[PDB]
Amino acid sequence: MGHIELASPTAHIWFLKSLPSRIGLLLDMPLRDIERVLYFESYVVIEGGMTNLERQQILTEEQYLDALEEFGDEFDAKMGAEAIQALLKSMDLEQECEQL
Amino acid sequence: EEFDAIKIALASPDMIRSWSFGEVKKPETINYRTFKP
Amino acid sequence: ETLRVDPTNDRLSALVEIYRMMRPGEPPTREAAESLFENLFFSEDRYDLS
Amino acid sequence: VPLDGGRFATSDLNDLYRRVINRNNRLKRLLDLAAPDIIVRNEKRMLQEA
Amino acid sequence: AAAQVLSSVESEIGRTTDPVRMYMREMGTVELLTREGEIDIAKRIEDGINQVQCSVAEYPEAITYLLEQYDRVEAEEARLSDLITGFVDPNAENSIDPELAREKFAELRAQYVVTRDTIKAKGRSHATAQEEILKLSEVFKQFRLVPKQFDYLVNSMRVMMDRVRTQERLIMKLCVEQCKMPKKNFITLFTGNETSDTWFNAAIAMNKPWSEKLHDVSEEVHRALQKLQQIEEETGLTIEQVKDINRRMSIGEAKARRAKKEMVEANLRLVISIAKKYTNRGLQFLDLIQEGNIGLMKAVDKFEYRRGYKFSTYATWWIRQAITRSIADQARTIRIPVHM
């Protein structure tokens, strides 16, 4: 078997499109949100440095601009498989588990 | 050969490199006359 | 009753929502939608009864 | 593989792999060039698509 | 006011998965800017480029490179091959006659040798010597270099800049991350002296008893400063002029790199229009489109306003080349090269 290294990351489908989703179900983010991130249609908050803004928060390409110049540094919001990977990579399973 | 049980887990990237033998880089299959890889 | 449910008041918005039924999303324009509807059932090319 | 009369035959996967590698390589090219993010986006929608 | 069309449309997009609608709807935003915006994009681009040519004119050893590697290809009893096709090759605002080659590199060496003595007269940049350096630049700017060799010559400034930055990263790391010295004082003192280590014991002179704890690593830190000052010997250029040349050059890049996107984003509709004359069932739409954007970016890189023609024709040719042989290189499981 061979392999391939990729320019940018990309997502597996069965872990997304299948019923209950296993990716958005984990994030507690429903589907169309994650689609509009992954179709490069809008951004989403990887990590809102300021708690002014929220994790798992969507920012349209026009509204983001407001948040862009208002604060600058103190938010992390991006788009596509990169950002979602940063998010799953970020979330610690434990404390969410004891909290649920 | 002889083995006991089966397991599933996710394919880590380093696993897929660990199995793989060489990075493909092209769509090319063969030459048009010399029907060879 | 169907009118009282129908949000559309003018000819134009009706053409817009037809255009939106068939070309979802797309920023609508007048003649794209007029031409769309009229193509559907009022152009000889794309509709013939026998 | 071939057949008797010089014809070839294949499995449908190879088309898919070809599309993938074409798209990734073109993407790498566009990344060497600092080209606009819009075509980056489009190439990636094409990637995740394939 | 097209981003707000994308806004409410995407708010009400009927779960449209197709990227065709996405991209085509996104290029709908930017319009077709013409007839002098073409010429103005060109003007800004060539301006920034000529100012990276200021950025080469300001660097002394830029000439050393040129005459040196040129002497390498002329050294070999006589050559007219590749490197001379990367070298001299001036635009006329040809088979290289060595006569004119011997001509042009005379007066260039005259400005070379005559400008150096005044650079030592009372100071690096005395007013008269400054105007003579400006004369060196003016003699430099009627030269337009080949982008290959030129890009190397500018990489000789990019790389060195990133080595200055490199040792900034090193000394900043080992000093601030470990000993925790403030950067506030460091900007003032390091900016003040930049040449000797007086700021070291002038900072420790502000007692700060942790500063007295620098014995265990003393042999290592200013030995890290060694590789910083070494770049001053290898460059032989003062730190203020380093910073100025770097920043001003970067702006010389930023002009063009900002300018072209208006052109491309404008002519996307040409790219797609020509593309879908050939999106019969040969390969697939979007790949014809993407390759069309590639030929477009070429035409934006090559086009001359001074020919005074319309732009559409130029990139029509270029686009059409790109698509017309990407369909042929790719689009089969068996590669049939161009001749067949």
# chains A, B, ... in the order shown; residues from 1 in each chain; ligands from 1
$ closest_atom_pairs --of "chain E" --to "chain C" --cutoff "9 Å" --atoms "only C-alpha atoms" --output "JSON lines"
{"residue": "E:5", "atom": "CA", "partner": "C:27", "partner_atom": "CA", "distance": 6.9}
{"residue": "E:6", "atom": "CA", "partner": "C:27", "partner_atom": "CA", "distance": 7.9}
{"residue": "E:9", "atom": "CA", "partner": "C:25", "partner_atom": "CA", "distance": 5.7}
{"residue": "E:10", "atom": "CA", "partner": "C:25", "partner_atom": "CA", "distance": 6.8}
{"residue": "E:11", "atom": "CA", "partner": "C:25", "partner_atom": "CA", "distance": 9.0}
{"residue": "E:12", "atom": "CA", "partner": "C:25", "partner_atom": "CA", "distance": 6.6}
{"residue": "E:13", "atom": "CA", "partner": "C:25", "partner_atom": "CA", "distance": 4.0}
{"residue": "E:14", "atom": "CA", "partner": "C:24", "partner_atom": "CA", "distance": 5.3}
{"residue": "E:15", "atom": "CA", "partner": "C:25", "partner_atom": "CA", "distance": 8.2}
{"residue": "E:16", "atom": "CA", "partner": "C:25", "partner_atom": "CA", "distance": 6.9}
{"residue": "E:21", "atom": "CA", "partner": "C:26", "partner_atom": "CA", "distance": 7.0}
{"residue": "E:22", "atom": "CA", "partner": "C:26", "partner_atom": "CA", "distance": 8.8}
{"residue": "E:25", "atom": "CA", "partner": "C:26", "partner_atom": "CA", "distance": 7.0}
$ write_last_selection --atoms "C-alpha atoms" --output "compact mmCIF listing (two decimals), in the first residue's frame"
# COMPACT_ATOMS: atom_id res chain seq x y z
CA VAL E 5 -25.85 39.79 -0.96
CA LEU E 6 -23.70 36.81 0.03
CA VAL E 9 -28.35 34.65 0.46
CA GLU E 10 -26.14 32.34 2.54
CA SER E 11 -28.58 32.96 5.38
CA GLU E 12 -31.27 31.61 2.99
CA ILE E 13 -29.18 29.37 0.69
CA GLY E 14 -31.19 26.20 0.24
CA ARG E 15 -28.55 23.79 1.60
CA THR E 16 -26.67 24.21 -1.67
CA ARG E 21 -22.68 28.22 -7.13
CA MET E 22 -20.32 29.17 -4.31
CA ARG E 25 -21.46 33.69 -6.65
$ closest_atom_pairs --of "chain A" --to "chain B" --cutoff "10 Å" --atoms "only C-alpha atoms" --output "CSV"
residue,atom,partner,partner_atom,distance
A:1,CA,B:20,CA,5.2
A:2,CA,B:20,CA,4.6
A:3,CA,B:23,CA,5.1
A:4,CA,B:23,CA,5.4
A:5,CA,B:23,CA,7.4
$ interface_residues --of "chain B" --to "chain E" --cutoff "8 Å" --atoms "only C-alpha atoms" --output "PDB file with N, CA, C and O atoms, in the first residue's frame"
ATOM      1  N   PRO B  27      -0.632  11.128 -11.309  1.00  0.00           N
ATOM      2  CA  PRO B  27      -1.699  10.266 -11.817  1.00  0.00           C
ATOM      3  C   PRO B  27      -1.210   9.216 -12.787  1.00  0.00           C
ATOM      4  O   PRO B  27      -2.000   8.351 -13.187  1.00  0.00           O
ATOM      5  N   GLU B  28       0.058   9.266 -13.177  1.00  0.00           N
ATOM      6  CA  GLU B  28       0.530   8.481 -14.303  1.00  0.00           C
ATOM      7  C   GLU B  28       0.468   6.997 -13.998  1.00  0.00           C
ATOM      8  O   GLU B  28       0.868   6.549 -12.920  1.00  0.00           O
ATOM      9  N   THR B  29      -0.072   6.242 -14.945  1.00  0.00           N
ATOM     10  CA  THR B  29      -0.101   4.796 -14.852  1.00  0.00           C
ATOM     11  C   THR B  29       1.064   4.185 -15.607  1.00  0.00           C
ATOM     12  O   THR B  29       1.934   3.539 -15.018  1.00  0.00           O
ATOM     13  N   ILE B  30       1.089   4.405 -16.918  1.00  0.00           N
ATOM     14  CA  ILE B  30       2.035   3.738 -17.802  1.00  0.00           C
ATOM     15  C   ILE B  30       2.394   4.626 -18.985  1.00  0.00           C
ATOM     16  O   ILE B  30       1.862   5.729 -19.138  1.00  0.00           O
ATOM     17  N   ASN B  31       3.303   4.143 -19.822  1.00  0.00           N
ATOM     18  CA  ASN B  31       3.619   4.780 -21.085  1.00  0.00           C
ATOM     19  C   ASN B  31       2.635   4.298 -22.146  1.00  0.00           C
ATOM     20  O   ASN B  31       1.952   3.288 -21.976  1.00  0.00           O
ATOM     21  N   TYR B  32       2.569   5.035 -23.252  1.00  0.00           N
ATOM     22  CA  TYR B  32       1.571   4.730 -24.269  1.00  0.00           C
ATOM     23  C   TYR B  32       1.968   3.526 -25.107  1.00  0.00           C
ATOM     24  O   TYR B  32       1.109   2.711 -25.458  1.00  0.00           O
TER      25      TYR B  32
END
$ residues_around --residues "segment 33-37 of chain D" --least-positions-apart "4" --cutoff "9 Å" --atoms "only C-alpha atoms" --output "PyMOL selection string"
(chain D and resi 28-29+41-42) or (chain E and resi 257+261+264-265+297)
$ closest_residue --among "E:150, E:285, E:303, E:311" --to "chain D" --atoms "only C-alpha atoms"
E:285
$ closest_residue --among "A:74, A:44, A:93, A:82" --to "chain D" --atoms "only C-alpha atoms"
A:82
$ atom_distance --atom1 "atom CA of residue 43 of chain A" --atom2 "atom CA of residue 78 of chain A"
4.8 Å
$ interface_residues --of "chain A" --to "chain E" --cutoff "10 Å" --atoms "only C-alpha atoms" --output "ChimeraX atom specification"
/A:32,35-36,39-42,60-63
$ closest_atom_pairs --of "chain D" --to "chain B" --cutoff "8 Å" --atoms "only C-alpha atoms" --output "CSV"
residue,atom,partner,partner_atom,distance
D:17,CA,B:27,CA,6.9
D:18,CA,B:27,CA,4.6
D:19,CA,B:27,CA,7.8
D:21,CA,B:27,CA,6.1
D:22,CA,B:27,CA,7.0
$ residues_around --residues "residue 294 of chain E" --least-positions-apart "3" --cutoff "8 Å" --atoms "only C-alpha atoms" --output "number ranges by chain"
E: 290-291, 297-298, 319, 322
$ write_last_selection --atoms "N, CA and C atoms" --output "compact mmCIF listing (two decimals), in the first residue's frame"
# COMPACT_ATOMS: atom_id res chain seq x y z
N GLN E 290 -9.83 26.54 -13.24
CA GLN E 290 -8.62 26.74 -12.46
C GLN E 290 -7.41 26.96 -13.36
N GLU E 291 -7.22 26.08 -14.35
CA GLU E 291 -6.11 26.27 -15.28
C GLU E 291 -6.23 27.62 -15.98
N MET E 297 -3.04 34.46 -14.47
CA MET E 297 -2.00 35.02 -13.61
C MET E 297 -0.71 35.24 -14.39
N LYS E 298 -0.43 34.36 -15.36
CA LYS E 298 0.69 34.63 -16.25
C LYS E 298 0.50 35.94 -16.99
N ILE E 319 -4.47 32.16 -21.22
CA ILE E 319 -5.50 31.25 -20.73
C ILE E 319 -5.63 30.08 -21.68
N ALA E 322 -2.94 27.60 -21.55
CA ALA E 322 -2.88 26.84 -20.31
C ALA E 322 -3.91 25.72 -20.30
$ select_by_dssp --residues "chain D" --states "alpha helix (DSSP H)" --output "short mmCIF file (atom, residue, chain, number, x, y, z; two decimals) with C-alpha atoms, in the first residue's frame"
data_model
loop_
_atom_site.label_atom_id
_atom_site.label_comp_id
_atom_site.auth_asym_id
_atom_site.auth_seq_id
_atom_site.Cartn_x
_atom_site.Cartn_y
_atom_site.Cartn_z
CA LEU D 13 -10.99 3.99 -8.66
CA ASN D 14 -8.08 5.06 -10.84
CA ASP D 15 -10.08 7.98 -12.21
CA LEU D 16 -10.70 9.12 -8.65
CA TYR D 17 -7.06 8.86 -7.64
CA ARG D 18 -6.09 10.82 -10.75
CA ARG D 19 -8.54 13.61 -9.94
CA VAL D 20 -7.21 13.72 -6.38
CA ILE D 21 -3.56 13.96 -7.36
CA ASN D 22 -4.20 16.53 -10.07
CA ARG D 23 -6.08 18.65 -7.57
CA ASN D 24 -3.51 18.36 -4.78
CA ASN D 25 -0.62 19.13 -7.10
CA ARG D 26 -2.37 22.15 -8.60
CA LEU D 27 -3.05 23.29 -5.06
CA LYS D 28 0.64 23.03 -4.15
CA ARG D 29 1.40 25.09 -7.24
CA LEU D 30 -1.09 27.78 -6.24
CA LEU D 31 0.49 27.79 -2.77
CA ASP D 32 3.96 28.44 -4.15
CA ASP D 37 -7.46 32.87 -1.27
CA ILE D 38 -10.58 32.52 -3.40
CA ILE D 39 -8.98 30.02 -5.77
CA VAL D 40 -7.43 28.29 -2.77
CA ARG D 41 -10.93 27.88 -1.37
CA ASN D 42 -12.26 26.60 -4.66
CA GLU D 43 -9.44 24.09 -5.08
CA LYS D 44 -10.07 22.83 -1.56
CA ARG D 45 -13.81 22.45 -2.07
CA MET D 46 -12.76 20.43 -5.11
CA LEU D 47 -10.42 18.41 -2.90
CA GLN D 48 -12.82 17.57 -0.06
CA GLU D 49 -15.35 16.90 -2.80
#
$ interface_residues --of "chain A" --to "chain D" --cutoff "8 Å" --atoms "only C-alpha atoms" --output "MDAnalysis selection string"
chainID A and resid 6:8 10:11 39:40
$ closest_residue --among "A:65, A:50, A:19, A:27" --to "residue 87 of chain A" --atoms "only C-alpha atoms"
A:27
$ residues_around --residues "residue 245 of chain E" --least-positions-apart "5" --cutoff "9 Å" --atoms "only C-alpha atoms" --output "list in words"
residues 54, 55, 56, 58, 59, 157, 240 and 250 of chain E
$ residues_around --residues "residue 22 of chain A" --least-positions-apart "6" --cutoff "12 Å" --atoms "only C-alpha atoms" --output "MDAnalysis selection string"
chainID A and resid 12:16 28:31 88
$ residues_around --residues "residue 130 of chain E" --least-positions-apart "6" --cutoff "10 Å" --atoms "only C-alpha atoms" --output "PyMOL selection string"
chain E and resi 115+118-119+123-124+136
